[PDB]
Amino acid sequence: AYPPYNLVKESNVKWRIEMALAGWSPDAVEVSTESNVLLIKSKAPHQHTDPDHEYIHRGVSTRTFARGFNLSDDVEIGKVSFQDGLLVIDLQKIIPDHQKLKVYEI
Amino acid sequence: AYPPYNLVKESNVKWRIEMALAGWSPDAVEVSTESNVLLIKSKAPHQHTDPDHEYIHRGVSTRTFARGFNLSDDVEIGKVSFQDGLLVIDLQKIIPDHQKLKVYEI
Amino acid sequence: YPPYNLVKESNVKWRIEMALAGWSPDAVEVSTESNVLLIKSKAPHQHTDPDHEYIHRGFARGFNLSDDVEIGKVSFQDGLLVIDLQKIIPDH
Amino acid sequence: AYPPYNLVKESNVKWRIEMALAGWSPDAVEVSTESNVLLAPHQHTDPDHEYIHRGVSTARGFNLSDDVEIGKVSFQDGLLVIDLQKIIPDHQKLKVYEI
Amino acid sequence: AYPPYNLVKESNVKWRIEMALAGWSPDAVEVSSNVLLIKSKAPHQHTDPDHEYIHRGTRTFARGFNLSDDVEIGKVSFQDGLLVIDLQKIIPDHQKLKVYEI
Amino acid sequence: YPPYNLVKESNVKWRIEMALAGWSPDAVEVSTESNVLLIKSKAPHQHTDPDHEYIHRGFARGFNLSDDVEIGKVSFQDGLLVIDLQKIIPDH
Amino acid sequence: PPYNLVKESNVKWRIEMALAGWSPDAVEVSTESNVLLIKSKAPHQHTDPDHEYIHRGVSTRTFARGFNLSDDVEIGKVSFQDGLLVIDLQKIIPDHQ
Amino acid sequence: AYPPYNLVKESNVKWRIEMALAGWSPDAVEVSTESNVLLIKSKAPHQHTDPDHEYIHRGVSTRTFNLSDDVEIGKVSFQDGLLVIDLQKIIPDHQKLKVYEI
Amino acid sequence: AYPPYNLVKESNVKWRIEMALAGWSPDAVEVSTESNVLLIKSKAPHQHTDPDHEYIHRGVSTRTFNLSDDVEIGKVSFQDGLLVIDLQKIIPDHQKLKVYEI
Amino acid sequence: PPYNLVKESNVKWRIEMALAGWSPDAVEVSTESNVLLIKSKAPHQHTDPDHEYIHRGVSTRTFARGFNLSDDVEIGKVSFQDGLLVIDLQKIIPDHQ
Amino acid sequence: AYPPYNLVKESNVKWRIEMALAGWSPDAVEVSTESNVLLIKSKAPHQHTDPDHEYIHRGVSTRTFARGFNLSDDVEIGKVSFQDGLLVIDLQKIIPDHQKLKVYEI
Amino acid sequence: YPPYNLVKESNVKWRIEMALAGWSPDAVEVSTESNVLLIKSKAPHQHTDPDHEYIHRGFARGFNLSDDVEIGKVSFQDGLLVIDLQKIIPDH
Amino acid sequence: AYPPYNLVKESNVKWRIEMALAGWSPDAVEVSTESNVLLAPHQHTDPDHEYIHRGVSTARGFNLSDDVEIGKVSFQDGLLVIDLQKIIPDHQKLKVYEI
Amino acid sequence: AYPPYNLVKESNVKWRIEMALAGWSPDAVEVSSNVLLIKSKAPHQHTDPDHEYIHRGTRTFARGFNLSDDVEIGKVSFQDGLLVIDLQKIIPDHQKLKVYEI
Amino acid sequence: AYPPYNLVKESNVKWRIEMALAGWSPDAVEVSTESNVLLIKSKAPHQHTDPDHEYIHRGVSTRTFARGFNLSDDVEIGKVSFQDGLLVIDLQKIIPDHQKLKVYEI
Amino acid sequence: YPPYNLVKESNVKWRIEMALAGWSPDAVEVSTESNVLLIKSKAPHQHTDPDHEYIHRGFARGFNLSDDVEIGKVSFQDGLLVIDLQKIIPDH
Amino acid sequence: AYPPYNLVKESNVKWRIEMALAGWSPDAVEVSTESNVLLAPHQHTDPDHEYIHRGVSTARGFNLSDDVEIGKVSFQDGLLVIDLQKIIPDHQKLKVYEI
Amino acid sequence: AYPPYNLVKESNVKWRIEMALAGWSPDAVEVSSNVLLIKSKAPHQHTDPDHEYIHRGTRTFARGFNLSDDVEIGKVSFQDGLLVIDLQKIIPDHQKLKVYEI
Amino acid sequence: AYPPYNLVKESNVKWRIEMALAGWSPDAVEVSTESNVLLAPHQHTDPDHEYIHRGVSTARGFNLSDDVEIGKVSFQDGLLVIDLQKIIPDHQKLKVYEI
Amino acid sequence: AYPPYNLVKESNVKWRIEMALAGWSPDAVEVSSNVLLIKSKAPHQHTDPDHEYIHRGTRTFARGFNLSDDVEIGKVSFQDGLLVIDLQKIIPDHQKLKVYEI
């Protein structure tokens with residue numbers, strides 16, 4: 001029921017999002033960033049009807065959806081690459097300055 | 001059982017609250033703001049009794065209620081408009097300065 | 001259905017109080033049909049808020065009159081309908 | 001298996017009965033008004049070979065509200081559409097007052 | 001509720017269909033690879049309400065039946081809200097009603 | 001299995017639209033066998049992301065053709081397969 | 001009713017049948033469109049006084065029995081004897097035997 | 001389930017029996033009268049040894065399956081797999097069917 | 001459960017009874033004929049008093065357990081724990097096994 | 001079939017057995033690898049006309065009965081009388097009695 | 001099973017805690033404040049035994065318990081009043097400087 | 001009901017210990033009736049905190065005495081009632 | 001208890017039947033092609049003492065797709081491997097066009 | 001699905017085993033403290049797909065049976081996909097088929 | 001199913017972690033600190049197979065696991081002591097400057 | 001019970017590997033009894049951490065030996081017990 | 001169906017029995033004190049026509065605590081109110097000591 | 001627990017009601033569109049406790065019965081805690097107790 | 001209802017049977033060693049009046065591990081305490097090596 | 001598991017108790033308002049382990065029985081792990097074993 005999303009966890013600073021949008025034109029698609037909370041909003045602005053001129057079973061269903069995720073501040077965007085009905089968005093932020101992993105006592 | 005409330009989500013900065021208070025006088029009603037946590041408190045200060053002089057079925061029930069919601073800081077108020085037993089409260093705050101939604105790579 | 005309260009002031013008087021919130025004066029048209037009152041509430045606007053922004057949220061009525069009704073007052077105040085009806089004289 | 005009946009008020013003076021009767025001719029059907037209540041002359045030996053299975057097969061009362069009368073009955077496209085007319089309640093008055 | 005329907009079985013060459021369509025005009029209704037389709041499609045009819053008209057005991061319907069080849073149509077008669085369609089085809093050279101000995 | 005939509009343009013034409021996301025041109029090889037179309041999707045890479053970093057996440061098809069098919073157009077655009085087939089002439 | 005089946009050969013199907021009491025005018029057989037229909041229709045009935053008649057086990061009824069044949073099945077002989085129907089059919093020539 | 005037999009009750013004295021034995025030769029069948037008790041024995045002398053592959057269905061098949069004094073037998077007519085046995089006996093010297101009053 | 005007895009049915013007149021009494025001495029067993037009703041009584045005179053520890057299983061054990069006129073007895077042969085009782089009586093003057101027609 | 005058991009002493013096990021009708025050629029006993037097998041195999045059968053025979057209670061059947069003995073059990077006597085088998089075994093010498 | 005605690009909500013700045021400790025000496029009782037997270041720890045340091053010299057049913061049971069609550073910073077203490085086996089602790093903090101509750105438009 | 005503990009010091013002595021938290025000296029009045037002790041706890045204030053602010057939160061007793069009782073000490077300390085009773089001499 | 005059968009298409013012109021028949025010799029087994037459908041001569045009185053329990057014990061049809069033919073049958077290691085060959089559908093053409 | 005297997009019981013000295021291994025080559029198969037192990041271990045065989053070959057009705061198996069000491073092997077015969085292993089050992093000095101009196 | 005971990009709660013400033021890693025070489029083990037969120041990642045880099053030369057039942061199972069815990073900032077490390085297949089990690093941070101536990105009124 | 005793994009190096013050798021975490025050298029004492037090995041693990045300290053601070057958290061074994069055992073090596077390394085046993089020569 | 005009884009202690013010397021007896025006259029009712037335990041003279045043939053359904057229809061013991069006595073019995077408004085008086089336990093003493 | 005009540009059915013003109021009100025004073029009780037209402041309303045009575053008085057086996061009640069028009073009241077009698085109300089009205093000109101032939 | 005038995009190994013050479021036998025004298029009880037397995041002489045007519053209900057009422061085998069022997073049997077306080085002694089397994093050797 | 005116990009009922013004056021205490025020394029055991037208490041309280045005994053000694057089929061117990069007044073004790077005998085306590089009191093002046101007429 002959830003459209004088929006995937007989240008790819010690169011480094012300490014970088015998290016990529018992988019997206020299955022097949023048939024979606026770029027005029028339909030709209031992303032939004034409100035207070036470091038990402039809203040991706042697919043909206044069919046042409047609103048293709050469900051006519052029965054001679055149309056059969058439609059298993060794949062698509063019109064208008066909305067999603068939200070509170071990100072840890074202060075997320076920026078790196079790249080977005082539209083390639084064969086998939087979106088690979090690259091978000092790149094986090095500066096803790098404490099990634100040390102070496103201590104021993106025997 | 002919850003009195004019939006509605007929350008209306010305007011912009012990135014603005015969130016409106018819609019309120020069904022029918023029969024409530026303004027002396028009864030009391031709102032409260034403690035540490036950016038909104039408490040709306042309807043209190044019947046006249047305390048209308050349930051007499052049986054000749055009174056029948058009372059499906060609509062009303063005396064004293066209390067509600068709470070932790071808002072993200074630093075919420076202020078814009079307008080409140082009492083019009084035919086409804087309250088439309090306009091809250092207007094949020095300054096992220098990162099609402100950019102355009103990046104591509106092919 | 002909206003939520004209805006009923007009261008007798010006396011045997012003369014029935015008083016109905018009604019929570020209709022958001023309803024406007026053109027949206028409500030009442031009718032009297034066959035010794036039966038019909039309070040109809042019809043939205044004269046296709047209530048469509050912009051789906052993009054707002055989505056997520058949480059009629060006709062008939063009642064027989066017991067000859068012979070005399071309608072008093074009907075007040076549209078603070079989202080309430082307060083109707084005052086009158087009927088007795090049973091001669092007995 | 002009774003036919004399917006649909007009843008409606010046009011207004012205060014307009015009942016309307018619409019009725020699906022398929023295959024019914026003009027001498028089989030008979031209506032009667034009895035006590036303020038509205039209410040196959042030759043049948044056939046069906047041949048088994050030709051009549052393997054019919055998927056269709058071919059009295060109904062409704063006590064009237066004082067005091068119903070008739071307007072127009074009309075056979076069209078296998079339906080039955082009966083107009084009935086009655087009112088006088090001496091009460092069709094709408095009243096409202098106050099801000 | 002799909003409507004209800006009778007099938008008469010005259011000969012081996014002829015199969016007649018009896019369809020129950022009451023209130024249907026003859027521009028709504030449309031008949032059409034050795035497969036028959038009887039489609040009823042409201043072109044110009046009334047939309048219902050909940051105020052004046054309410055309770056009932058009629059929209060658009062389509063039907064399919066894969067017949068053996070190569071069926072033609074004969075005569076369609078619209079009377080008493082009934083469609084009586086005649087279909088006439090088949091010569092299998094095998095309709096032999098026989099065989100008896102002692 | 002991927003999710004399949006089916007449409008008749010006319011009786012002539014069947015049009016199939018297909019969501020294959022991430023699939024590449026070498027990964028898809030189609031075949032025609034015994035008046036039956038087989039659309040096979042085989043990963044030509046052992047899809048192994050570095051387990052260390054990425055783990056947690058959320059075929060062949062056969063359909064009989066009704067003599068005699070004429071394949072039109074097949075477009076690999078924006079993660080969709082849009083195939084246009086043709087078959088009628090029943091002489092009747 | 002109770003039926004039994006035999007393949008003499010690839011050529012031959014034989015159907016054996018128990019019809020007890022059935023008269024020769026009642027029985028009919030049709031070979032319509034490569035589909036056999038063995039009909040058994042009593043023409044009329046017998047005067048049955050429910051007074052002294054008891055627990056009637058034999059439900060006397062008409063029946064039509066259809067079977068879609070493998071193109072294209074033919075009849076050979078039918079012999080009515082000992083209250084049995086022995087029907088001989090004949091078809092093959094599949095060039096695969 | 002057993003074979004479907006019918007008993008006709010002609011008179012007080014006479015009882016007729018209708019047996020359904022289809023495809024039974026007359027040397028398999030035998031009837032016995034012992035101690036004023038009848039026994040109708042269907043006894044296959046040898047079962048027709050046949051293959052179970054060519055004969056797809058063998059649901060219905062053929063295998064092997066006290067009166068008031070002083071019973072005699074009238075007739076037994078075997079034709080077209082139906083047995084009709086006529087029995088005629090009973091004398092109580094009391095078969096008067098009369099008496100009526102007000 | 002009771003002892004496993006078998007009744008052989010020789011003729012209408014003659015009936016034979018086969019009783020299974022293993023390990024039963026002949027003074028325990030007794031047979032009685034009373035009012036044209038037989039009674040075969042197995043009666044242990046004293047039970048062999050034995051210990052229940054050394055004898056692990058005592059599942060199967062030994063304890064204590066209307067004809068048509070005018071029955072007589074023919075023979076009763078006791079050997080290797082099997083009783084074979086020959087009874088021979090029945091005369092209805094009606095044992096004819098004949099009658100056949102077309 | 002119905003079996004009974006006895007320990008006369010530490011030396012002695014005795015098995016008492018009801019075999020009714022069994023003939024002397026049918027019965028066999030084997031002492032194989034410190035495991036006793038008392039066999040009861042009817043050599044052939046009897047002509048059984050199902051006509052007048054009724055409710056056969058005695059299911060006549062062949063049976064082989066094995067029991068793993070405590071090393072190392074021996075036979076003493078077997079006496080066939082009154083349709084009983086009385087088998088005497090003898091072993092002890094455990095230096096613990 | 002929870003010992004019988006009560007929380008009393010005075011003002012926007014003040015929240016009182018009411019406590020049922022009957023028989024508890026003050027040497028036993030120990031409170032703790034770690035990063036504005038209150039830990040009250042009752043510990044029977046005498047560890048009264050359960051002897052059976054002639055002792056009957058003991059429905060009231062008491063030895064060692066521990067509790068925790070993350071408070072909003074930077075909680076301080078006001079008073080604590082030991083009076084008849086009850087503790088009334090007064091915590092007093094919160095400075096939002098936004099408690100305004102009056103806006104209208106008609 | 002409040003929670004009650006029971007102890008014998010000896011056969012002479014019963015000692016009852018009682019958790020009554022918030023209870024005051026006027027709120028508790030004890031009675032002796034028919035060789036039966038009745039410890040009654042009655043609120044002499046209608047305990048009504050201001051609903052506006054505070055709402056959400058989480059009797060009589062009779063026991064027969066086994067002739068002849070001698071009441072010792074009863075201490076109201078730190079929300080406890082510690083009563084010391086005395087009864088033996090069975091002459092045997 | 002029938003034996004276990006496995007059917008496979010090598011290609012468009014290659015069916016392949018593989019068959020487990022253990023203990024089966026070369027005169028017991030008989031195959032037949034009947035109506036476009038592919039389909040123990042002396043048994044033994046097993047001695048009870050030696051044959052306490054066997055844990056193995058020793059007709060099957062499949063209507064063919066017009067119009068199957070035979071290639072090579074081979075007994076090896078107690079299996080049966082039958083090659084069958086047939087095609088001509090007049091249709092083995094792959095077609096695709098567009099960006 | 002473990003494969004299926006017969007055990008023949010010649011004498012008290014000899015016990016023959018019959019194993020069902022069809023399609024197994026004689027380098028895969030391997031036989032080996034008075035406990036027999038018949039291991040079948042695929043050394044060089046085909047791996048399956050889901051495209052050309054699909055449905056079936058054969059991997060690696062191992063078996064253990066604690067025999068009384070001190071078993072040796074006699075002859076193993078690989079024919080018709082059957083292994084017939086002969087094992088020949090045992091002299092218990094107790095195979096006495098006797099004892100009868102009156 | 002969770003490998004057998006234990007958490008030891010020293011002071012207000014110090015929390016120790018106790019770890020059951022038996023058979024794990026130090027080349028396999030890898031810890032990670034991303035934005036004060038500890039990820040301990042055991043990865044068998046030799047990838048010991050499950051051969052059947054003569055190997056029996058293996059109840060103890062070990063290959064690759066990963067764990068995560070969001071710590072309150074700004075966690076540092078104190079000691080780590082590898083001693084008989086156990087790891088005792090000492091984390092030491094928290095400066096509230098409000099640990100006072102003494103107030104009375106009678 | 002602690003979790004036990006079992007391996008044959010050959011028929012000669014059994015090798016047992018054992019997760020005993022926190023266990024010390026005085027806490028483990030092994031015994032051989034009646035051709036049966038008993039690995040006993042007894043805490044020589046009453047493991048009592050200060051309840052005040054730490055509370056919340058998440059034996060003997062016998063196995064018969066198959067004459068005649070020869071114990072090889074037993075290594076207490078990194079919280080593992082790796083025992084190497086030896087037994088074959090069946091003369092057959 | 002017994003009547004409904006309510007028992008009460010006024011004090012240590014005051015039991016009080018209150019009793020609903022509707023339609024009961026002054027010669028039907030009889031009370032008795034037996035063994036330290038407190039415990040329709042002419043009935044009618046009701047006529048079916050007039051007496052379609054009555055929705056009402058018209059011995060009880062309680063062992064007394066040594067040693068109960070009587071005070072005042074009073075018929076008023078169809079009830080029965082019996083005052084009983086007894087005490088002397090030689091023990092009505094309240095005692096308490098300590099801070 | 002609603003109280004319990006008897007209805008006596010004198011004539012077709014007269015219907016008498018018998019109400020069970022024990023302990024009720026005559027200022028509490030009140031009787032009143034061709035619909036009778038018998039209301040019992042505590043005006044001056046005692047409120048209960050849980051200390052002195054406890055267990056029981058009496059508050060305020062109201063009753064409605066739509067009678068055919070145009071009922072009047074006759075006499076109400078308060079005795080033995082029973083209310084006996086007399087109502088007397090009805091002339092339907094149809095109380096004919098007849099009709100018999102042969 | 002058998003008595004209650006408790007078995008224990010003191011060491012490798014020390015079994016110990018402890019046994020509750022209440023009311024049992026010294027001539028009723030008999031023990032026997034049979035085939036490497038360890039295993040009321042005059043009863044009374046109890047009088048019903050005096051013996052209303054007794055709340056107590058008054059052979060057991062255990063195959064021994066080659067080859068058990070006896071030490072000391074002792075009646076004390078209604079119990080039975082049997083010491084048994086046996087070992088020689090030719091194997092009581094503990095061995096361990098490595099860091 | 002509470003231990004098990006017999007009660008003997010000599011006369012109306014005398015009731016003897018038989019207690020089952022095996023392994024109990026006479027300093028552990030202690031007997032004591034016309035209510036008898038037989039308390040068994042381990043003073044000096046062994047604590048169990050799980051290594052040497054394990055399975056069983058004995059701690060501290062107390063018992064109470066409200067006897068009619070004013071019971072005294074007679075004799076307590078500790079033999080075969082049984083306590084046989086004698087209690088002797090009661091004169092009700094009513095033990096009359098009589099009353100018969102015709």
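- What the entry reports as its method is X-ray crystallography, with 7.00 Å given for the resolution.

What to know about the pairing of strand β1 (residues 5–8) of chain E
Part 1 of the reasoning: Where strand β4 (residues 51–53) of chain D meets β1(E), 2 bridges bridge the pair, whose relative direction is antiparallel. Bridged to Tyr51(D) within β1(E) is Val8(E).
Part 2 of the reasoning: Examined bridge by bridge, β1(E) and strand β2 (residues 14–20) of chain E share 4 bridges and lie antiparallel to one another. Across the sheet, residue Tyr5(E) finds its bridge partner in β2(E), namely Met19(E).

Description of the interface of chain E and chain D
Part 1 of the reasoning: Contacts between chain E and chain D engage 21 residues on the former and 24 residues on the latter.
Part 2 of the reasoning: In this assembly, chain E packs against chain D so that about 1700 Å² is buried in total across both faces, 53% of it on carbon and sulfur atoms.
Part 3 of the reasoning: The largest per-residue losses of area from chain E upon contact with chain D belong to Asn6(E), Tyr53(E) and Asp80(E), which jointly make up 29% of the total buried on that side.
Part 4 of the reasoning: Where chain E touches chain D, the interface holds 0 salt bridges.
Part 5 of the reasoning: For the interface between chain E and chain D, the tally reads 8 residue pairs in polar contact.
Part 6 of the reasoning: With 4 residues, β1(E) is the largest single contributor of residues to the side of chain E that touches chain D.
Part 7 of the reasoning: Its residues placed into classes, the side of chain E that touches chain D shows 10 nonpolar, 6 polar and 5 charged.

A closer look at the sheet that holds strand β2 (residues 15–20) of chain S
Residues and elements named next belong to chain S.
Part 1 of the reasoning: Judged by pairing direction, the sheet is antiparallel, and its 4 strands sit side by side in the order β1-β2-β7-β6 without closing on themselves. The open sheet has two free edges, formed respectively by β1 (5–9) and β6 (70–76), since each of these has just one partner strand. For this sheet, the mean angle separating the axes of adjacent strands, direction not counted, is 15 degrees.
Part 2 of the reasoning: Alignment of β6 against strand β7 (residues 79–84), held across 6 bridges, turns out to be antiparallel. From the neighbouring strand, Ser74 faces β7, where its bridge partner is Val81.

With respect to the side chain of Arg67(O)
Residues and elements named next belong to chain O.
Part 1 of the reasoning: Inspection of the secondary structure assignment puts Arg67 in the loop between β6 (64–66) and β7 (69–70).
Part 2 of the reasoning: Buried and without a salt bridge, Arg67 has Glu18 as its closest oppositely charged side chain, separated by 13 Å.
Part 3 of the reasoning: Among the polar contacts made by the side chain of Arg67, one reaches the side chain of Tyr5 at a distance of 3.1 Å.
Part 4 of the reasoning: Excluding residues within four positions of it along the chain, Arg67 makes contact with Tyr2, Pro3, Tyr5, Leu38, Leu39 and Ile40.

With respect to a nonpolar patch on the surface
Residues and elements named next belong to chain E.
Part 1 of the reasoning: A cluster of nonpolar side chains, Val31, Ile73, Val76 and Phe78, forms an exposed patch at the surface whose accessible area comes to about 340 Å².
Part 2 of the reasoning: In terms of residue count, the dominant contributor to the nonpolar patch is strand β7 (residues 73–79) (3 residues).
Part 3 of the reasoning: Checked against the element boundaries, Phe78 lands in strand β7.

Structural notes on empty space enclosed by the protein
Part 1 of the reasoning: Put simply, the largest cavity is a space of about 120 Å³.
Part 2 of the reasoning: Contributing to the lining of the largest cavity are 13 residues, with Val30(P), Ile39(P), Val74(P), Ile83(P) and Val96(S) lying nearest its centre.
Part 3 of the reasoning: Elements with a contribution of two residues or more to the lining of the largest cavity: β3 (28–32), β4 (36–41), β6 (74–77) and β7 (80–86) of chain P.
Part 4 of the reasoning: Broken down by element, the residue count for the lining of the largest cavity peaks at 3 residues, all from β7(P).
Part 5 of the reasoning: The class makeup of the residues in the lining of the largest cavity is 12 nonpolar, no polar and 1 charged.
Part 6 of the reasoning: Estimates place the volume of the second largest cavity at around 100 Å³.
Part 7 of the reasoning: Broken down by secondary-structure element, the contributors of at least two residues to the lining of the second largest cavity are β4 (36–41) and β7 (80–86) of chain F.
Part 8 of the reasoning: Of the residues belonging to the lining of the second largest cavity, the class tally is 9 nonpolar, no polar and 1 charged.

Observations regarding the packing of aromatic side chains
Part 1 of the reasoning: In total, this model carries 8 aromatic pairs over all chains according to the counting rule given.
Part 2 of the reasoning: Seen in terms of ring centroids, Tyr104(A) and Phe82(O) are 5.3 Å apart; in terms of plane orientation they differ by 25 degrees. Their pairing is stacked. Of this pair, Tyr104(A) sits in the segment after β9 (86–92) while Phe82(O) sits in strand β8 (residues 77–82), each in a different chain.
Part 3 of the reasoning: Directly above the ring of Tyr55(I) sits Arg58(I), whose terminal nitrogen or CZ lies 4.6 Å from the centroid.
Part 4 of the reasoning: The cationic tip of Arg65(J) hangs over the ring face of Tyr3(J); the distance from NZ or CZ to the ring centre is 3.6 Å.

What counts, and at which threshold
Residues numbered from 1 in each chain as written, not as in the entry; some residues may be left out. Chains lettered and ligands numbered in written order. Part of a larger assembly, values for the part shown. Heavy atoms only, no water. Residues with missing side-chain atoms left out of burial classes, pairs and counts. Pairing = 2+ DSSP bridges. Helix = DSSP H or I, 4+ residues; strand = E, 2+ residues; numbered from the N terminus. Contact = heavy atoms within 4.5 Å. Buried area = accessible area lost by both parts, 1.4 Å probe. Salt bridge = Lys/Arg side-chain N within 4 Å of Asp/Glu carboxyl O. Polar contact = N/O pair within 3.5 Å; in protein donor to acceptor, adjacent residues only side chain to side chain. Nonpolar A, V, L, I, M, F, W, Y, C, P; charged D, E, K, R; others polar. Axes fitted to C-alpha atoms, helices over the stretch in contact; angles between N-to-C directions. Buried < 20%, exposed > 50% of the residue type's maximum accessible area, 1.4 Å probe, protein only. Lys, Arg positive; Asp, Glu negative; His and termini not counted. Patch = residues over 30% accessible without salt bridge, like charges linked within 9 Å, V, L, I, M, F, W, Y side chains within 5 Å. Areas by Shrake-Rupley, 256 points an atom, 1.4 Å probe, with all protein chains shown as cover. 1 Å grid on protein atoms, 1.4 Å probe; cavity = no way out; pocket = protein on both sides within 12 Å on 5 of 7 lines; lining within 4 Å. Points joined across faces, edges and corners; volume = space filled by probe spheres on them. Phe/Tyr/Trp six-rings, centres within 6.5 Å; stacked < 30°, edge-to-face > 60°. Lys NZ or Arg CZ within 6 Å of the ring centre and 35° of its normal.

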